[PDB]
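Just so you know, structure 1 and structure 2 below are the same protein chain in two forms, each on its own as structure tokens.
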Structure 1
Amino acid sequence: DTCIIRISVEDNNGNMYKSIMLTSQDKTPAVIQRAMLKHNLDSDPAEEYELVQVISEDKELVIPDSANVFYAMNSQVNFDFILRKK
């Protein structure tokens, strides 16, 4: 089973987001790696980055580094995530 998630980065590069596929079997490391490739991020190792779901105006959900993302994400809100350096 699968779904589409949107990944943004903080760099002022004119990109609002890029979408990637998420599966029920993915854990966070593989998602961060897929996100980094999509955004051409290769000078750092994946462990410097965290994946963060946008829940609302003033709440975010840091996805834990060794979680299943389907289980850890909030399935009740839009699937928008930020990829950023810890």
Structure 2
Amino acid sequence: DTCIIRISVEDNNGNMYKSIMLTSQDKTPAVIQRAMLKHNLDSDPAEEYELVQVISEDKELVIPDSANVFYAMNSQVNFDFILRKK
């Protein structure tokens, strides 16, 4: 299986996110390598970087470097709506 994931960096460079492909057999080091390539950090040591899933504004989830990412992430699908007075 596969799915799209949005990757952001903390460089305040005007990029909000860049999307990459995630697969069911990807373990964390591979996803890190792919994310750094995508954000032009390929020449930098991958060991200095970590992969963090954003669940909400106050909730984050660090994927351990030994983990299959599909299995370790929160895969819950949510849609947000506002009940608004006209």
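Just so we're on the same page, rigid core means the largest C-alpha set that superposes within 1.5 Å between forms. Please note that residue numbering is based on structure 1, beginning with 1 at the start of its sequence. Only residues modelled in both forms are compared.
A 2 Å or larger CA shift between structures 1 and 2, after fitting on the rigid core, occurs at just one of 19, 15, 25, 78, namely 78. At residue 57, the distance the Cα travels between structures 1 and 2 is 1.6 Å after the core is superposed.
Relative to the superposed rigid core, residue 37 shifts its CA by 0.2 Å between structures 1 and 2. Listed in sequence order, 42-44, 77-86 mark where three or more consecutive residues have CA shifts of 2 Å or more between structures 1 and 2 on superposition of the core.
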